[PDB]
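Residue numbers (the numbering used here), protein chains in the order written: chain F, 1 to 250; chain S, 1001 to 1068; chain L, 2001 to 2068. Here a beta-carbon is modelled for each residue, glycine too, at the ideal position from N, C-alpha and C.
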Amino acid sequence: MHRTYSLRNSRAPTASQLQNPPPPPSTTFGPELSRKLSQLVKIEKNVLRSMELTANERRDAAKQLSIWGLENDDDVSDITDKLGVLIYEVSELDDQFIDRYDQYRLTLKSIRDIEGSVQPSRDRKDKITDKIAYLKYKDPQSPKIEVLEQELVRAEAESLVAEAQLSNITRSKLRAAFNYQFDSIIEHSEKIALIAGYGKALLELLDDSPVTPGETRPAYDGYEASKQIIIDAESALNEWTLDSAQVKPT
Amino acid sequence: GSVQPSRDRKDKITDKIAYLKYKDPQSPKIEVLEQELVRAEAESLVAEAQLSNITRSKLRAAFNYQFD
Amino acid sequence: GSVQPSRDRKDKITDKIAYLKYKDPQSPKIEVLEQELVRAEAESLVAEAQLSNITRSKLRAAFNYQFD
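Next up, the structure:
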C-alpha cells in the first residue's frame, strides 16, 4: 500500500493518477489454542452478509432504473432497459462468489476445530509435570513419583505424536483453501470485466447529436443490435472457462 | 490402577465415533474423532506394554524375597 | 404413486440395519437384514427402470395428441 515508503496516509501518484486527477473523497469459555483463528470466522461471516446486502441493493437499483427509463424518447427507453438487464447479472455473479466464500470459510473452520481438539493433551502434560515437580519438592521419598514418571512418559509420547499430526494437516488445508479462494476471485473479476466490456458497446448505437427547437428527430431503428449484444453477452458468459483466462500475470 | 483410565477413554471415544457415524455420516466431527482415536490408540498401545514389562519383574522379586 | 412404497421400504430397512449395527454388532438379525436388503435392492432396481421406461412414452403421446 502507498504507506510502504511514506509516513502519511496520502496516496502516492501513479500513471492513472497522472493521466487523470483523482476525484475528491465521497460525501458519504473457549480453548486457548483456538482463539485467534476462531475470530476470523466471525469477520468472514460479517463480510458475507455485507456483500449480500450490497448485491441486493444493486439488483434493486438495476430494477428501478428501467422504470424511470420507460417514459422518455424511443432510443433511451430501450437502451435504459437493456442496460438494466445487463446490470442485473452482477448480483447473480455475486451470489456464486458468496457461496464459494462460504466454502472457504468452512475449510478454515475445520482447522480451527482440529487445533481446538489438539490443545487438551498439551494442557494435561504440563499439569502432570507440575504435579511431579511439586511432589518431588514436598518429599522425595513418596512412592507416587515412579507412577507419575511412567504416565509422564506416556503423555510425552502422545503429545509428541499430536503436534506432528496437527502440523502435517494445517499447511495442507491452508494452501488448498487459499488456492480455491484465489481462483474464485479471479473468475469473478474476469466475468465482471467481460460483462462491463460487452455493455460498453451498448452506448455506441445511442445517438447524441444536439438538436435545435422546432425540429424532429429521425426514427430510431436499433432493435436488432441491442438484441445481438445481449445474445453475445449470454454466449460469452456461458462459454468462459478457467483455462481461458485473458489476464496473464507478468 | 493408574494405567486403567487410558483404556477407559479409548473405549469411550470409540463408542462416541460409532454413535456419530450411526446418527449422520455427513457430520464433520468424524474426522477429528478419528484423528484423536489414532492418538489414543498409540498411547494405549504403549501403556499396556509398559505395564506388562514391570508386572512380572516386580512379582518375581517380591516372591523371591518372601520365600527367602 | 404406486412405485413409491418400494423405495420407502428399502430406506426403512437400511435405517434399521444401520441402527442394529450401531447398538450391538454381535446380533444375529444383521445377516437376515442384509439378505432381505439385497432382495429389496433388486426389486427397487427393477422398479425404477420400469417406471422410467413408461413415463416418457406416455408423456410424448399425450402431448402429441393435445397439440394435434
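The straight-line gap separating the alpha-carbon atoms of residue 1022 (chain S) and residue 2011 (chain L) is approximately 14 Å. In chain order, 2010, 2013, 2014, 2017 place their CB closer than 8 Å to the CB of residue 2037 (chain L), counting only its own chain and leaving out the 5 sequence neighbours on each side. Chain-ordered, the chain F residues with CB closer than 8 Å to the CB of residue 1002 (chain S) read 147, 150, 151. Our two residues, residue 105 (chain F) and residue 44 (chain F), have alpha carbons roughly 7 Å apart in a direct line. Membership of residue 120 (chain F) in the alpha helix (DSSP H) is indicated by the continuous run 74-138.
One thing to note: residue 41 (chain F) has its Cβ within 8 Å of the Cβ of residue 108 (chain F). The contact set of residue 154 (chain F) on chain S, defined by CB atoms closer than 8 Å, consists of 1006, 1043, 1046, 1047, 1050 in chain order. Think of a sphere of 8 Å around the beta carbon of residue 1018 (chain S): the chain L residues whose beta carbon falls inside it are 2022, in chain order. Proximity of residue 130 (chain F) to chain S, defined by a Cβ-Cβ separation below 8 Å, is not satisfied.
Remark: C-beta atoms of residue 119 (chain F) and residue 239 (chain F) do not approach each other more closely than 8 Å. Interface residue (Cβ-Cβ distance to chain S less than 8 Å): residue 110 (chain F) is classified as such.
Assigned with DSSP and collapsed to three states, residue 2037 (chain L) falls in helix.
Boundaries for residue 33 (chain F): no alpha helix (DSSP H) harbours it, and the DSSP string shows neither H nor E there.
The beta carbon of residue 102 (chain F) is closer than 8 Å to those of 48 in its chain, skipping five residues each way along the sequence. DSSP, reduced to helix, strand and coil, places residue 11 (chain F) outside both helices and strands of the structure shown, so it counts as coil. In this structure, the straight-line span from the alpha carbon of residue 1048 (chain S) to that of residue 52 (chain F) is close to 56 Å.
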